[PDB]
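Take a look at this single chain, the form deposited in one PDB entry, given in structure tokens.
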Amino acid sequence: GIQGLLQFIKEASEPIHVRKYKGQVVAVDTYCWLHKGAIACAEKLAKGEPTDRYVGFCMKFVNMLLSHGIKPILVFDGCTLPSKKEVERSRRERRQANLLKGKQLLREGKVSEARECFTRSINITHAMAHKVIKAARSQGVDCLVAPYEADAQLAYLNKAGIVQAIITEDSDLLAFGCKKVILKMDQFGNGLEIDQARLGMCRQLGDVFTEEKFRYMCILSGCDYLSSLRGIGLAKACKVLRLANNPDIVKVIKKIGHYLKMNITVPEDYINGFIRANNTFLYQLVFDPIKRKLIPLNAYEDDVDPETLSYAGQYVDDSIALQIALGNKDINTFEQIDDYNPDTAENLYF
């Protein structure tokens, strides 16, 4: 999630209702709904007590989309991305920190802060995700567990034409090149749509409305695959690109100290880190539901060697990928928690 990205391109956003896509198909970043629903039962989840509320909290949104005549596809986060290892590690450590801070120092001190610390230590497991999957499937709703980050999977489904819109609360989806992104959607179906084509309607952006340039902006503003330089947020990220007359991004990143009149000594780790982040946004491994194959988000260009993109996701066998995608194989422990098969028992597969 990029800080201040909403306001920056506010002019490319319009308030809609889900009924706009009646008869059409939307894909959902379900982990957001899960994180939002687990809040109402953070205590039981922190203390390891059995709870089943988040499932209902997802199924009500599902029932709403279904009621307004939408075909939803629920996409789930899968294996942890190596390029995102640092950020995810940070989230892990913060989760453990809040978990301890509540569980021990608030069970005997003050109980009012206990729920607050518990809510800051919520960790969406694949088990819970599988509860939601079981429910949705029982109500006839297709599901898909991304090989890695659901961002890339959703972006793929939109760019491939399988879905026309994507429901999420994560603004990262734009940097991935999604056509339409529905944000901040409430219980009844009122949210903020963001069309990619409308990005040109933003004063502050300038000529940074193209996919590549917008991607660059998002990356060097600060993301989950690479932290920004100190003192550089969205505005200066945009200004650098606006003032850049040179097509090559590397030379620009090198002369970033000259463009902004700031004292910036750019390291090489930030250069190669930038290349890594770009390659992550471009070719992160997703799952093709039709062909049942693990593919890069975009087809590999001429200036990229696939053997060096280990951080963008590891290739596994197509059968293993298919089993992960069906939610049969647990992400954390790699065991067959289920044996669901789509061929037996107009779906995504076949």
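C-alpha atoms forming the largest set that superposes within 1.5 Å between two forms make up the rigid core. Residue positions are given as counts along the sequence shown, with the first one as 1.
- The entry shows a gap from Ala345 to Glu346, with 4 to 9 unmodelled residues of the deposited sequence in between.
- Two stretches are in play, 170-178 and 85-93, and the higher mean C-alpha B-factor belongs to 85-93.
- For the pair 94-102 and 213-221, the mean Cα B-factor is higher in 94-102.
- The maximum CA B-factor among the listed residues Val111, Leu192, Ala160, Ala237, taken from the PDB record, is found at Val111.
- If you compare the C-alpha temperature factors of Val28, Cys41, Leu294, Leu282 in the entry, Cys41 comes out highest.
- Ranked within its chain, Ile264 lands in the highest third, by CA B factor from the PDB record.
- Annotation for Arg198: CA B-factor lies in the middle third of the chain's modelled residues.
- For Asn245, the recorded CA temperature factor ranks within the highest third of the chain's modelled residues.
- The entry lists a Cα temperature factor for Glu149 that places it in the lowest third of the chain's modelled residues.
- Among the modelled residues of the chain, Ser228 sits in the middle third by CA temperature factor in this PDB entry.
What follows is about the form deposited in another entry, which we do not show.
- Of the residues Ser227, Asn190, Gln104, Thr80, exactly one exceeds or equals a 2 Å C-alpha shift between this form and the one not shown once the rigid core is aligned, and that residue is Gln104.
- Superposition of the core reveals a Cα shift of 2 Å or more for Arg91 between this form and the one not shown.
- Relative to the superposed core, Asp269 undergoes a C-alpha shift smaller than 2 Å between this form and the one not shown.
- Residue displacement note: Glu113 has its CA displaced by at least 2 Å between this form and the one not shown (rigid core superposed).
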